[PDB]
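Asker: I'd like to ask you about the structure that follows.
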2 protein chains.
Amino acid sequence: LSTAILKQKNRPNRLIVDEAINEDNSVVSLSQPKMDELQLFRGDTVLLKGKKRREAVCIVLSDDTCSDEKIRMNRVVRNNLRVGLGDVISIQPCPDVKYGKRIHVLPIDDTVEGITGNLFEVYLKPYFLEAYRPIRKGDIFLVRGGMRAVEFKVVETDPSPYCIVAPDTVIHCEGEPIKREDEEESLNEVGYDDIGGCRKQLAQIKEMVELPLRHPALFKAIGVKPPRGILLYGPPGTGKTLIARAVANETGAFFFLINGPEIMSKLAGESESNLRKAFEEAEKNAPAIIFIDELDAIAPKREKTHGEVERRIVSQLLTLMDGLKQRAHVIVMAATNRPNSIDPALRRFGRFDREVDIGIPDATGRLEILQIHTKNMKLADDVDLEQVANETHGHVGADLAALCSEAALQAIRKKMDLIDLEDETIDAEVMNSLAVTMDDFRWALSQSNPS
Amino acid sequence: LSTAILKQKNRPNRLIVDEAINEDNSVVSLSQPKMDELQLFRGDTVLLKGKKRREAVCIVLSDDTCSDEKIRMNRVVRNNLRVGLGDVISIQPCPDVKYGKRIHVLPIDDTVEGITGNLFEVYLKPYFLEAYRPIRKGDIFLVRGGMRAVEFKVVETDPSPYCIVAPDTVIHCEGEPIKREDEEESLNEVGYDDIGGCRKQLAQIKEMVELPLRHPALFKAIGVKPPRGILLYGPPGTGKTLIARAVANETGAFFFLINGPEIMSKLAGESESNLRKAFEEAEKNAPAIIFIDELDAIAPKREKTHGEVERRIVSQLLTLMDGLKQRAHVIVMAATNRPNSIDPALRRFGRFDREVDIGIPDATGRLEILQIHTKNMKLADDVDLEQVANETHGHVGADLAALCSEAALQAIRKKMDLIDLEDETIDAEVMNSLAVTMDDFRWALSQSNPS
Ligand SMILES: Nc1ncnc2c1ncn2[C@@H]1O[C@H](COP(=O)(O)OP(=O)(O)OP(O)(O)=S)[C@@H](O)[C@H]1O
Ligand SMILES: Nc1ncnc2c1ncn2[C@@H]1O[C@H](COP(=O)(O)OP(=O)(O)OP(O)(O)=S)[C@@H](O)[C@H]1O
Ligand SMILES: [Mg+2]
């Protein structure tokens, strides 16, 4: 009823992802009635939108085994859009695309051990030649070259974000191999799907932050000024920083992060300077979000704080907050676990005058969190997460994450005699048999702890 | 059950050390069935791993008087491996060894008083000539030269850590004699065998620190992020610093020590600089451990601390803790005797979110501690350490060490009339007759003190 903003809404161009029959990295398939509905001719360059602000440029073709409201794409495209089979995606016409001038690609390290020969000659040239491939900056793509398959990242493009790779396009693969861990920590990146039992609050954040920045016209038309300071509060480990990361990755707005301790660690004056630089940067760049994490570190009650520099910072912040005129289109978000220790001046009208309580999860919420945490864990049949959700009365997300870590450590302990600390590598069979059992969770539960 | 990680496990190449029949420094002996089991031909160069990350390179020969699961090696090899008879060692094939280019050896000072003549001509040349000896950097080896025996240290090698000494190999013995006290303070170096009544906890430290650094694949395969901040706590004198020294000497990881007071002793800003330098160094160097000893010195509750530089340091630390991304492979360990005085921000998820309680030893633990302390003491038949363990209720390791020191002082007092404070040297007979009696311990016990 209030939650209405979160609802997906059906559109002509909003389609479900199905497995591809055409296994090319550049190709997406649609049913013929759907192509006509969207005025898409065969072989047109299209823009697809996935989760966490991710995009891919593809060339569209007609398929008959494909349903009307479905789209077919391989793993490579699904990866780039950070989507799995069943997720909804946007499809957009894209006749804007320039022919590429210069691109910069690099291989992923672990998929490149043994023989250089020539990476461009063996792999990239046969992949691109006369194919007129659309590629986007940040794409990870797989190429076979007789022997095996190498993954490459698009690091740079000379036409702004995306281009067509013509014979003209100079293909550079100069630098060091891109580290596996870099790109896995890039897949790691937090989205709204990684945040559990916070539906009501996520809806509030989209209302107060996302809505007025993407559609200022609504608030201006109705005759209402958008609130400009939103403060997330709640007990330690409920998900504030996690939401911070999610927003950063999920928004159309330019995002600027400030960590409380990161500011207070700096020299006298050089801290006030970074604060100004943050606000000046946000004002300069588009509709923007400034996230002040751990606000109580920078803005405690001016009455009860010893240092002159510490008092000067609170004053610096207040001045910045009021320094933004309406037409700046900058919203300031902040998170704390002790809201009662922040200077009341900052919680006045026009400053942080809106509050979102990220509280303790209910039984239902805990279940969401356990499902979110265990999505990469190997679990057994007998593991009942609903059971674990109910037995965790005082637990917040951080306690549940830790519980999952200790359940997993127990399963490692059960496999100990087949493992030793001294050998270089762990046995292959032992690695595959690793499942976290219900019994492990009951051991984790017996050890667990509140607040 | 939980202690499973500490268990040693039987392997084909894990052998018990027996006394050698072949008394050459370069030679180890095995039974003929065991050499076939490990595909080791006669006279192959082998790598031996001992305690405290110690290694020796030997040439392997077949022995018949030797049992299947035993290895024969002299005192020189046992010293270099820091093992006594009955300890288990690894044996590894080693066909990698290059011929040496340049080696640097130096004599141990107290074994070299009177006549230089020439050390290479009299000692080293006849020891190495046509022998093709494997040697490792850091090896201490004894050589006889007609008259007497001189100990030498391998200070440097031109092929990286170990090489074969061929006729080509230039043998330098240039510098000052290596000091006895330095090499005895090197044997002094603390390992896991020097820490008593702490089995459960050592298992915890190996789980949380050693296992994720040596085997990150396990945690990544199971789908779990390894905890990155471990805090040792407990009353004064329980063995925290002792464990820190043990870990430093025992791990495969690069180790960096930070002492609380050592940091706070520095000029404003130059202390923050050293904290950064420690993290940048640890990030630069392999899998790494950073040990912040006496944490409560640098990180007290920001709420109750007077100086601006003191507040700025806690902020500097928090930022660094969060500054490590998952893929850094750096665990931070810390020790304190007042855990409740640390800023709670530091003890949150992602920071020092794991705790190891080094508490008061039980009766069994005290006995372990007494056995570890008195391993170099001269004791009498009537000394019952089990009796002493039982009468020491409130005692921690530091109290027990102190008790041992006072017991020994009492035995010195018993010998006083045959000693005087004025004479240059103490009589030789008086030195040998020194034994610490049970009576001395009962005097020590009479004087003892809790907490
Ligand atoms: N509601 C939640 N949904 C999913 N995961 C969560 C949630 N809350 C906590 N977690 C997990 O716990 C971890 C720590 O939570 P944080 O986001 O750091 O909590 P926090 O609210 O920022 O705590 P403070 O106030 O900084 S002590 C996250 O990385 C998540 O893995
Ligand atoms: N568990 C133990 N096993 C063997 N010796 C110990 C043990 N605990 C203490 N000792 C001895 O007592 C000495 C002092 O112990 P420390 O390791 O300094 O204690 P600590 O826990 O670091 O105390 P704080 O908190 O720094 S006052 C050590 O050098 C050991 O000789
Ligand atoms: Mg947080």
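We number chain A the way Swiss-Prot does; in order, the residues shown are 12-462.
Backbone N, Cα and C define each Cβ position, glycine as well.
When I checked Swiss-Prot for this same protein, it listed these features:
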BINDING   A:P247, A:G248, A:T249, A:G250, A:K251, A:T252, A:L253, A:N348, A:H384  ATP 1 binding site
CROSSLNK  A:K18  SUMO2 cross-link
MOD_RES   A:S13  phosphoserine
MOD_RES   A:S37  phosphoserine
MOD_RES   A:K315  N6,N6,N6-trimethyllysine
MOD_RES   A:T436  phosphothreonine
MOD_RES   A:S462  phosphoserine
Asker: Taking Cβ atoms only, which of the recorded positions A:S13, A:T249, A:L253 fall under 8 Å from chain B?
Answerer: none
Asker: What is the interatomic distance between the Cα atoms of A:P247 (ATP 1 binding site) and A:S37 (phosphoserine), given in whole Å?
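Answerer: Rounded to the nearest whole number, the Cα-Cα distance is 45 Å.
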Asker: Between the recorded positions A:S13, A:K18, A:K315, A:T436, A:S462, which lies closest to A:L253 (ATP 1 binding site), Cα to Cα?
Answerer: A:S462
Asker: Among A:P247, A:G248, A:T249, A:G250, A:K251, A:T252, A:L253, A:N348, A:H384, which the record lists as binding ATP 1, how far apart in Å are the two most distant Cα atoms?
Answerer: 23
Asker: Checking proximity to ligand 1 here: which recorded positions out of A:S13, A:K18, A:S37, A:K315, A:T436, A:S462 have their Cβ closer than 6 Å to it?
Answerer: none
Asker: Anything from the recorded positions A:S37, A:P247, A:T249, A:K251, A:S462 with its Cβ under 6 A from ligand 3? List those in sequence order.
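Answerer: Result: A:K251.
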Asker: Using C-alpha positions only, work out which of the recorded positions A:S13, A:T249, A:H384 is nearest to A:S37 (phosphoserine).
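Answerer: For A:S37 (phosphoserine), the spatially nearest of the recorded positions is A:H384.
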Asker: Where does A:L253 (ATP 1 binding site) sit by DSSP, helix, strand or coil?
Answerer: helix
Asker: Using only C-alpha positions, which one of A:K315, A:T436, A:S462 is spatially nearest A:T249 (ATP 1 binding site)? These are the modified residues in the record.
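Answerer: Going through A:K315, A:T436, A:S462 one by one, the closest to A:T249 (ATP 1 binding site) is A:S462.
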Asker: Counting Cβ atoms within 10 Å across all protein chains shown, which of the recorded positions A:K18, A:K251, A:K315, A:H384 comes out on top?
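Answerer: Most Cβ neighbours within 10 Å: A:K251.
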Asker: So how many other Cβ atoms are close to A:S37 (phosphoserine), meaning within 10 Å of its Cβ?
Answerer: 22
